[PDB]
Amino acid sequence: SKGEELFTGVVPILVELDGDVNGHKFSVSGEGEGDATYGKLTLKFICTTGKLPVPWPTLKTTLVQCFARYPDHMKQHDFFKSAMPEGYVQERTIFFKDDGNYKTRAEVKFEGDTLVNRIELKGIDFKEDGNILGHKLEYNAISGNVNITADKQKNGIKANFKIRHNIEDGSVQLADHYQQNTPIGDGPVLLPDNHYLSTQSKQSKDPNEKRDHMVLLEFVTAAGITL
């Protein structure tokens, strides 16, 4: 795709999120850079409204899959870069087992040289004393596979995957993710064969930062089709 060309170097990233979970409204801004040749993302996210009212790990999946490293033999399956620069809309529902759900809508597109992810998030049906609002999740590394399928009807893709968040008591909190992506333009995109994105991250802190924030280092690699 011509879009793929926009990702051959290091690209600045800007993320903006407006959230409302159970009436607790918050905003997050993120900045960093992506190097899709290596599937690599380095970002710092800041809560700009004060303290974040949900755990940072619950927002990781929401807070730019156009930065995945696609193997050469799979580059015909990279929907995300093929929709650039006009971009795509990503929507998810995230069901936290035995608790509430997030619904998200993200618009991902270039503004000049910067890849921008503008997100709205709504959470409903949460327990004030459950694992999310009651801050019971661990901050350990999240990894897993995002299973992608083509959606010819919307000229896009669907995806599904589960995140198993470790909880303090030693069990896990499931977050079942359902995803759709639709291009913004009218023209053709790459509609992929079934495959997945193998995604891993590590969370850290900026020692100089006094605001509530998270630093993330992430690698995203497409896989599952053999040469």
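Quick note: we count residues from 1 along the sequence shown, nothing fancier.
- Going from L63 to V64, you skip over 1 to 3 residues of the deposited sequence that the entry leaves unmodelled.
- Averaged over their C-alpha atoms, the temperature factors of 10-18 and 206-214 are higher for 206-214.
- Judged by mean Cα B factor in the deposited record, 1-9 ranks above the other of 1-9 and 218-226.
- The entry assigns its greatest Cα B factor, within the set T149, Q90, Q153, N101, to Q153.
- The residue among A141, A106, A83, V116 whose C-alpha carries the highest B-factor in the deposited model is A141.
- Among the modelled residues of its chain, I157 has a C-alpha B-factor that falls in the lowest third according to the deposited record.
- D78 sits in the lowest third of its chain by CA B factor, as recorded in the PDB entry.
- Compared with the other modelled residues of the chain, the Cα B-factor recorded for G134 ranks in the highest third.
- The entry lists a Cα temperature factor for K44 that places it in the middle third of the chain's modelled residues.
- In the PDB entry, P192 places in the lowest third of its chain by CA B-factor.
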